[PDB]
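Student: Okay, here's the structure, questions in a sec.
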Amino acid sequence: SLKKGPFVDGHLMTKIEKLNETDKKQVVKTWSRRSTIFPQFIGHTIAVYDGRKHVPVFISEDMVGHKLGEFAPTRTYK
Amino acid sequence: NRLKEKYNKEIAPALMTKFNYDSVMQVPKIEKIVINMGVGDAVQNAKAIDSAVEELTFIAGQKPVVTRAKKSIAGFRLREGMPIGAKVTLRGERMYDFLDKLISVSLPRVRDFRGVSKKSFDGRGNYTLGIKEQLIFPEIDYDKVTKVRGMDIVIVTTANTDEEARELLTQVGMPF
Amino acid sequence: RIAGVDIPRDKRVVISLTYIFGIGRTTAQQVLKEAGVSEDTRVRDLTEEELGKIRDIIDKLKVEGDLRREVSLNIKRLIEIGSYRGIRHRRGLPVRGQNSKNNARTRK
Amino acid sequence: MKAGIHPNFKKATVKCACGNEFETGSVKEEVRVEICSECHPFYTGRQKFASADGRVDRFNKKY
Amino acid sequence: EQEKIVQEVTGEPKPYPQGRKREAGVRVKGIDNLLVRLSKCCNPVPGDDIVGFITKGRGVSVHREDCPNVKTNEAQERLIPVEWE
RNA sequence: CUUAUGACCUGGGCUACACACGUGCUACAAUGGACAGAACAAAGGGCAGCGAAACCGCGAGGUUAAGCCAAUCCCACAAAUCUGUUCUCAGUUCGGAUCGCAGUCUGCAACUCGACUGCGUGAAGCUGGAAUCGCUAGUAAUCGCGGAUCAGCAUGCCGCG
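Protein chains in written order, with the UniProt record's numbering: chain Y, 4 to 81; chain B, 2 to 177; chain U, 3 to 110; chain L, 1 to 63; chain F, 562 to 646.
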């Protein structure tokens, strides 16, 4: 996208604000590969669905500008 | 001539009080500058030896000398004799003037030159220059440049320790 | 040379400067718009007051090593953070989004 | 000093394009330089461009 | 000759492409259905407890705690106390 | 076959890639490249559909919006061509992939997985081995344009000069 803001789903913004308000906590199975990454997400570990499992991934201060779909290997090869 | 008066009147009294040597005889000097060429082209091309036989003379007019390798090396397909590279030795007045060409003129023509290698001393007080491209100063004349081999320069000082030869080159003006 | 690597002395003003890494055709036109040198003279035949104005515009831009760093910085950035586009830069395969059973012979 | 082997040695007047005039003794007589060390900005302490340019992005919220 | 049978049996890893019949066997801290893998540093068995390290990607390694690789970990937050189930 | 081989949802995949094959375009240049000037079509399409002019963005476009249910208005200023200017035979002022950054649109959403600009980067290739394929006159080749299909997407296929 260009100017509408980085896209988030309503469920993703919901539970991370529940996560950010008190303390970092357990991982979250997201089904939203489509969503972006906000700078509030740093240090929050979440589980991205790959096609057959939810793979847990980490978010640092460098993995900020991209979407969650950069961390879903959906096509394994050798 | 310019650097010697700079070295004698300014640089030598500065480092003398910096490390509290008991004499001017203890104040370290930088005596000789030896420059290796070391081209292994003679296995393939004996005519490529003649390039930088002529060309290194244009850098400093003291002509370099045929350096024959003193052991036959079959892994390089090389017999003993068989000249490999040339040797520019330089000590005295023009050599600080050669250093005047180095800092003031040469180094900005290294097209991505930055803070050069700090820890490239031999643990004695001597330094080597890592140069891979020879087009460093406006004599080089690109149209008369067929061979692209660089140049290896050795700094030889009278530094009794090492970490004040560190501080010697800073007062000389070696960038880091 | 200003870039530290030459331009050939007999080409025209725009196209000789396109050999500078980081500088292409339209980057050359914006410089010579500020220079105003009519873009067709022998670059063996200039003046340094004319060419000093060529220097500082190049000094203002990411030209020689800086543009060589930052894309290579980005390559070293995105591979070491996972980031699947990093793996496509990594393995020796295309990146921008293509098939795989077809040619792709720029990378194996 | 062997004659007939060494080329000549003449007092050079090294000049930079920014006006830095310098003196050596070389084979060639006049050396005209685009950028000398005193013209080179890394010798001028921090260079003006890449010291301020080498930053990472500020995880850019701006838009 | 039966050591040559051990030579000829190389091809039992060949049923570990194309998937294998796997349950949720490494229960990840009470949460199921997560991508984990058995650690090749040392094999995760019920001796000492088994801990999942959040990698940069490509899976989660169950490093079988009291391992020299799991003990020297930078970023101890990536270690997850998981269950052998 | 049937509380599943049926139905519903998310997300993945149909786009994988060590490698061969057909089938298509863009090229390897001087009958070319670049810039400027001048002039010339046929057919089809348009109601939540086309969108002029206008302004702003380097631009892709944005903005508002006349007019048009149409031989009225819009798509749409055709390209090759012609005439100048410059280029001078080399992996280059040909090549344009591959790739980085910066962008625009549609849409819930462009990561896998879209198109198109803007900047950069600039490889492979300098008429291709044996062998093969098309074509009897507006055809051969060549250059653009329209439409189905579609929110979106064509080097595809139809159709047009």
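Yeah, the Cβ is synthetic: ideal placement off N, Cα and C, and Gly gets one too.
1) Return helix, strand or coil for B:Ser107, following the three-state DSSP convention.
2) Between the stretch 119-130 of chain B and the stretch 153-160 of chain B, can you find at least three pairs of beta-carbon atoms closer than 8 angstroms?
3) Find the nearest neighbour of Y:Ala75 within the set Y:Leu5, Y:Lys18, Y:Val30, Y:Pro59, judged by alpha-carbon distance.
4) From L:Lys2, L:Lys28, L:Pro7, pick the residue whose C-alpha is nearest to that of L:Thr13; which is it?
5) Tell me where the beta strand (DSSP E) around Y:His47 begins and ends.
6) Determine the DSSP secondary structure at Y:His57, reduced to helix, strand or coil.
7) By the criterion of Cβ-Cβ separation under 9 angstroms, what are the contact partners of U:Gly94 in chain F?
8) Can you tell which of B:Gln63, B:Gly41, B:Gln45 has the C-alpha that lies nearest to the C-alpha of B:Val35?
9) In chain L, which residues lie with their C-beta within 8 angstroms of the C-beta of U:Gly24?
10) Rounded to whole angstroms, what's the CA-CA distance from F:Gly620 to Y:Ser35? Just pull it up for me.
11) Using a beta-carbon distance below 8 angstroms, is U:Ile59 in contact with chain L?
12) In chain order, which alpha helix (DSSP H) runs of at least 4 residues are fully inside the stretch 577-623 of chain F?
13) Which whole runs of the beta strand (DSSP E) in the stretch 20-49 of chain B are 3 residues long or more, in chain order?
14) Look at L:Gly19 and L:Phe9 and say whether their C-beta atoms are less than 8 angstroms apart.
15) On a CA-only basis, which of L:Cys16, L:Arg58, L:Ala50 is nearest U:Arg71? Give me that one, please.
16) Please confirm whether B:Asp123 has its beta-carbon closer than 8 angstroms to some beta-carbon of chain U.
17) With the cut-off set at 8 angstroms, would you say Y:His14 and Y:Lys32 are in Cβ contact?
18) Examine chain B for any beta-carbon lying closer than 8 angstroms to the beta-carbon of L:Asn60, and answer yes or no.
19) Give the residues of chain B in contact with L:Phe9, contact being defined as C-beta atoms less than 8 angstroms apart.
20) Roughly how many angstroms separate the alpha carbons of U:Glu82 and Y:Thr39, rounded to a whole number?
21) Whose Cβ in chain F lies nearer than 8 angstroms to the Cβ of Y:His57?
22) Would Y:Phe61 count as contacting chain F if we go by Cβ distances under 8 angstroms?
23) Considering residue 2 of chain U, what are the terminal residues of the alpha helix (DSSP H) in which it resides?
24) Would you mind giving the Cβ-Cβ distance between B:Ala87 and B:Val111, rounded to the nearest angstrom? I have them listed as a contact below 8 angstroms.
25) Per DSSP, B:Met152 forms a beta bridge with which residues?
26) If you check the beta carbons only, do B:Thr68 and B:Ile50 fall under 8 angstroms apart?
27) For B:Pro14, which of B:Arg3, B:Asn161, B:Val28, B:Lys5 has the nearest alpha-carbon?
28) Is the Cβ-Cβ distance between B:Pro176 and L:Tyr63 less than 8 angstroms?
Tutor: On the basis of the data shown:
1) helix
2) yes
3) Y:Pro59
4) L:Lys28
5) Run containing Y:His47: none; DSSP gives neither H nor E here.
6) strand
7) In chain order: nothing, as chain F lies at least about 17 angstroms away.
8) B:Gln63
9) By Cβ distance, chain L contributes nothing, its closest Cβ being about 13 angstroms from U:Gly24, past 8 angstroms.
10) 19 angstroms
11) no
12) none
13) 33-37
14) no
15) L:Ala50
16) no
17) no
18) no
19) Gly62, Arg95
20) 19 angstroms
21) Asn594, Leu595, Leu596
22) yes
23) Since the first residue of chain U shown is 3 and the last is 110, residue 2 of chain U is not available in this structure.
24) B:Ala87 to B:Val111, Cβ: 22 angstroms. No contact.
25) B:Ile132
26) no
27) B:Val28
28) no
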